[PDB]
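[1] sequence unknown, structure follows:
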Ligand SMILES: CO[C@@H](c1ccc(-c2ccccc2)cc1)c1nc2ccc(C(=O)O)cc2[nH]1
C-alpha cells in the first residue's frame, strides 16, 4: 500500500529535469526545450498529484509510471555528465548527431503514449497535446541547429 509519496516522484523528478538547465550553460540551449517539453507531461500530473487519496485504482496504469519514472530519470542523469566541456566538444566535433537528449526523449514520448492512455482511461486526465513521437525530433532537430552558432559563440575567439 504505502502513502501517495510515489506520486510526488513524477512531480519532483519530472521538474528536476528542467532544473538542470538552470545550472547548466553549454547544454542550457538544448536542455531549455528538453525540460520545457518534458514538463508538459508532469504538468497535468501536478493537478492530480493532490487529488490522490486512496492507495491505487488500477495497478495496470501505475505500471506505466514505474517505467516512465526511469525514462526522465535518465534525462537529468545525462545532463550531469554532459556538463563536461570535453563531453560536448567531442560530441559536436565528431559531427555524428545533431541532438543530445534524443534517446531519452524518444523513449520519454514512447512510454508516455501508452502511459497517458492508462491515466486518461482510468480517470479524466489531460495528456500531452503533442503527437509524442516524430514531432519531438522535428523540433529537436530544427532547434538543434542553433547549437551550431550557439556553441561557437560560447567559445569567444
Ligand atoms: C506508479 O507509482 C505510483 C503512482 C503514481 C501515480 C499514479 C497515477 C494514477 C492515476 C492517474 C495519475 C497518476 C499511480 C501510481 C504508485 N504505484 C503504486 C503501486 C502500488 C500501490 C499500492 O497502494 O498497492 C500504490 C502505488 N502508487
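    It's in. Numbering: from 1, shown residues only.

[2] ok, residue 94 - how many residues close by?
    Number of residues near residue 94 (other C-beta atoms under 10 Å) recorded here: 8. C-beta here means a position set from N, CA and C on the backbone, and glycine is covered the same way.

[3] and the residue of the chain lying at maximal distance from its centre, how far is that from residue 51?
    Seen from the C-alpha centroid of the chain, the residue lying at the greatest distance (C-alpha atoms, centre = their mean) is residue 157, 33.8 Å away. Shown here: residue 157 relative to residue 51, a distance of 55 Å by C-beta to C-beta, to the nearest Å.

[4] go on, residue 90?
    Noted for residue 90: a distance of 46 Å to residue 51, by C-beta to C-beta.

[5] residue 133 now?
    Taking C-beta to C-beta as the criterion, residue 133 is separated from residue 51 by 29 Å.

[6] the more surrounded of those two?
    Neighbour tally, residue 133 and residue 51, criterion other C-beta under 10 Å: the higher count belongs to residue 133, 13 against 10.

[7] would you mind measuring from the more buried one to the ligand?
    Using C-beta to the nearest ligand atom, to the nearest Å, we find residue 133 at a distance of 21 Å from the ligand.

[8] who touches the residue lying closest to that residue once chain neighbours are set aside in this structure?
    For residue 133, ignoring the flanking residues on the chain, the nearest one in space by C-beta to C-beta, 6 or more residues apart in numbering is residue 109 at 5.8 Å. With contact set as C-beta atoms under 8 Å, 6 or more residues apart in numbering, residue 109 has these partners: 128, 130, 132, 133, 136.

[9] can you tell me the element the last one falls in?
    It stands for residue 136. Element membership for residue 136 (DSSP states H and E) is helix 134-154.

[10] got the residues of the protein near the ligand?
    Within the chain, the positions lying close to the ligand (C-beta under 6 Å from any ligand atom) are 1-2, 6-7, 48, 55-56, 59, 61-62, 65-66, 119, 122-123, 125.
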